[PDB]
Protein chains: 4
Amino acid sequence: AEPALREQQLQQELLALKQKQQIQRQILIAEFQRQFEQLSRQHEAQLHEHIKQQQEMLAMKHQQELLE
Amino acid sequence: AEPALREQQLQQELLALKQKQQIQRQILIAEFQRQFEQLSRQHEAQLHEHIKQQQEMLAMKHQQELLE
Amino acid sequence: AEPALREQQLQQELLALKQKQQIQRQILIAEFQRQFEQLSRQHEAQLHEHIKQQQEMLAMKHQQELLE
Amino acid sequence: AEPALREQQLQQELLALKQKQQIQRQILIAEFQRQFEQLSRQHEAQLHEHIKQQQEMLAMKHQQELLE
């Protein structure tokens, strides 16, 4: 065979495309996933750090408010 | 004033944190947006490429097979 | 004509399929975008509400601590 | 004790807020993930459908161009 052989070439090429692409999309998503928890953990720590300092302020304002 | 000033500091820094982050998130998203249409246009072109070449195959398997 | 028409039809349809999908993807993304700032504003408010709470606590554990 | 208790309430209350949020985000993402492969499989199938038909056209065009 020759043409019907070339035919089988494509049908295999294609089905090789879908599988390839479906992996890629998953990489795209996992990639986002990571850059997502990353931001999230940063933003968070900050928001927390903040809380850890709005403490000491209200702290000093009344913890030292005894000798004052 | 002084403590009631240090108070005003934090109150302000916070409202800054929010605004910052609210933007960073938008950058994160726009970033994904791009890496998304990008993949999408690649994947597509390919899938279209396939369609372009699967043309000639079935073409020549019968356009040249007419002389055969 | 005849096939040259059914041929033009497909080329027509195809350029239409891309048009469509290219938009849908945008809807998918906008959709995520929204469910994203939404969560982000919730999570945030909470994290902020928590800031108001941890305030009054440190507050009263020392605000009326004068009468103690 | 008491304040040292109300303190402990929040300290734990907060460390609980993170847990919640940290998972909620994962639901948001998994959610997107699904709506993503879903669209992707749809769009794809269609794009392939087009192929299984741009075939028959060029097909019946010249396959029947033997009796013509």
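Residues numbered from 1 in each chain as written, not as in the entry; some residues may be left out. Chains lettered and ligands numbered in written order. Heavy atoms only, no water.

Its PDB header names X-ray crystallography as the technique used to obtain the model and reports a resolution of 3.000 Å.

If you look chain A up in the PDB entry, it shows as Histone deacetylase 4 from Homo sapiens.

Novice: Break down the interface of chain B and chain D for me, with residues and values.
Specialist: Much of the literature gives interface size as the accessible area that the parts lose upon coming together. Between chain B and chain D, the residue contacts involve 13 residues of the former and 13 residues of the latter. Interface area, chain B with chain D, both sides summed: about 1200 Å², of which 80% is carbon and sulfur. Among the residues chain B hides against chain D, the three largest losses belong to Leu47, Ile51 and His62 of chain B. Together they make up 43% of the total. Put simply, chain B and chain D have zero salt bridges between them. At the junction of chain B and chain D, the tally comes to one residue pair in polar contact. (Contact = heavy atoms within 4.5 Å. Buried area = accessible area lost by both parts, 1.4 Å probe. Salt bridge = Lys/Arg side-chain N within 4 Å of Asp/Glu carboxyl O. Polar contact = N/O pair within 3.5 Å; in protein donor to acceptor, adjacent residues only side chain to side chain.)

Novice: Summarise the environment of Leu58 of chain A; cite the residues concerned and give the values.
Specialist: Positionally, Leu58 of chain A belongs in helix α1 (residues 3-63). Taking the C-alpha atoms as reference, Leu58 of chain A lies 84 Å from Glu2 of chain A; in sequence the two are 56 residues apart. (Helix = DSSP H or I, 4+ residues; strand = E, 2+ residues; numbered from the N terminus.)

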